[PDB]
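Peer 1:
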């Protein structure tokens, strides 16, 4: 089997992407944030504290003839950005782009943090990291991909995120029309539960390539590119007037600037992030200070190849017995 679904930016900055997901019988379609940095499929629901729901579409398990309470199971998650959610668990039928999993754990939120409430466009998350990170207790549950994998034509999914435009998540096949040149594959460590890999270096603009190993994670659920402070300083030094602002919470730059590109290495291959992908716009409405899309990972504890990086590539998440990651230009 295969599946193919369009993923759509939630706003004009590509702050996140939402993908429609069918849950239950009859289908209830929710727009979920596909997150290769976590491993829980959780939704706003009829159980979510009413004051914490503000415009989201909810899953109502009592209206699904295939929903079953997973007795005694609870979940609770905290994300790198400080947001969180928790609740109980149902199993139900879940379909993405024509690919159906029966008996998928659907984690129903009883509580969500303010950041989730305040974002009316995201009805929940669909985790695509390794199932070892799943938070369900006392019986850990599998991700949608893990459940689907054996049925897929090939045990892979691909992320093809758009810049200021829709893109595609495919399951079970590689669309050879969706990228240019070849796909370069690179080793993955699953030791921390992430799609963790090592970039071979970077360049700023038309500058020379610096060969240096940068361990980090491919994370569709993180907006920005978080890299070591040395790399980030080298980038922003090429933008007149850019500075790190403790008050704003990262590098800012004059909105009048033209940003240089940023290149990262995948083996001997190179992925170029155009300068415009690194612009996250005014820090507040009407400001002439703009927020940068490349930020320091210092104090996160891990480097994160988030959407800024991934949307410059066609990315293969290869879930074979020994997982790997592939990147192609597009």
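In mature numbering (1 follows the signal peptide of the UniProt record, and there is no 0), the protein residues as written are 70 to 399. Ideal Cβ placement from N, Cα and C applies to all residues, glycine included.
(1) Between the C-alpha atoms of residue 205 and residue 318, what's the straight-line distance to the nearest angstrom?
(2) Would a C-beta distance cut-off of 8 Å place residue 194 and residue 109 closer than the cut-off?
(3) So is residue 193 in contact with chain C if we call contact Cβ pairs under 8 Å?
(4) Using 8 Å as the threshold, is the C-beta distance between residue 289 and residue 84 below it?
(5) Under the assumption that residue 331 contacts residue 305 (Cβ atoms under 8 Å), give the Cβ distance between them as a whole number of angstroms.
(6) Mapping DSSP to helix, strand and coil, what is residue 347?
(7) Note down the Cα distance separating residue 210 from residue 229, rounded to an integer number of angstroms.
(8) Would you kindly work out how many angstroms separate the C-alpha atoms of residue 280 and residue 311, rounded to a whole number?
(9) Is it buried or exposed for residue 60, if we count other Cβ within 10 angstroms and need 16 for buried?
(10) What's the C-alpha gap between residue 275 and residue 179?
(11) At the level of alpha carbons, what is the spacing between residue 335 and residue 226?
(12) Buried or exposed for residue 261, going by 16 or more other Cβ atoms inside 10 Å?
(13) Kindly indicate which three-state DSSP category residue 303 falls into: helix, strand or coil?
(14) Alpha carbon to alpha carbon, what distance is there between residue 172 and residue 154?
(15) Rounding to the nearest angstrom, what Cα-Cα distance links residue 212 and residue 357 in this structure?
(16) Could you tell me the alpha carbon to alpha carbon distance between residue 72 and residue 123, rounded to whole angstroms?
(17) Would you list the residues sitting across from residue 187 in a DSSP beta bridge?
(18) If you compare alpha carbons, which of 98, 101, 347 is closest to residue 59?
(19) Output needed for residue 157: all residues of its chain with C-beta closer than 6 Å, excluding positions within five of it in sequence on either side, in chain order.
(20) At which residues does the alpha helix (DSSP H) containing residue 379 begin and terminate?
(21) Counting only runs of 3+ residues fully inside the segment 254 to 282, write out the beta strand (DSSP E) ranges in chain order.
(22) Using a Cβ-Cβ cut-off of 7 Å (strictly less than) and excluding sequence neighbours within five positions of residue 147, which residues of its own chain qualify?
Peer 2: Put simply:
(1) When rounded, the distance between both Cα atoms is 33 Å.
(2) Residue 109 is positioned such that its CB atom lies closer than 8 Å to that of residue 194.
(3) This model lacks chain C altogether; it includes just one protein chain.
(4) No, Cβ-Cβ distance for residue 289 and residue 84 is not below 8 Å.
(5) Rounded, the Cβ-Cβ distance is 10 Å, inconsistent with contact.
(6) Per DSSP, reduced to three states, the secondary structure at residue 347 is helical.
(7) If I take the Cα positions, the gap works out to 27 Å.
(8) Residue 280 and residue 311: Cα-Cα distance of roughly 25 Å.
(9) Look at the range of the chain in this structure, 70 to 399, and you will see that residue 60 is not part of it.
(10) Spanning the alpha carbons of residue 275 and residue 179 requires a straight line of approximately 50 Å.
(11) If you take the alpha carbons of residue 335 and residue 226, they lie about 19 Å apart.
(12) The residue in question, residue 261, is exposed, as its Cβ has fewer than 16 Cβ neighbours within 10 Å.
(13) DSSP places residue 303 in helix when its eight states are reduced to three.
(14) Going from the Cα of residue 154 to the Cα of residue 172 covers about 22 Å.
(15) Using only the alpha carbons, I get a separation of about 42 Å.
(16) Their backbone Cα atoms lie some 30 Å apart in a straight line.
(17) According to DSSP, which records beta bridges pairwise, residue 187 is partnered with nothing at all.
(18) Not covered by the structure: residue 59. The range shown for the chain is 70 to 399.
(19) So the list reads 143, 177, once near-sequence residues are dropped.
(20) Here the alpha helix (DSSP H) through residue 379 covers 376 to 379.
(21) The DSSP assignment places 265 to 273 as complete runs of the beta strand (DSSP E) inside the segment 254 to 282, in order along the chain (cut-off: 3 residues).
(22) Only residues of its own chain outside the window of five on either side were considered, and among them 153 have a CB closer than 7 Å to the CB of residue 147, listed in chain order.
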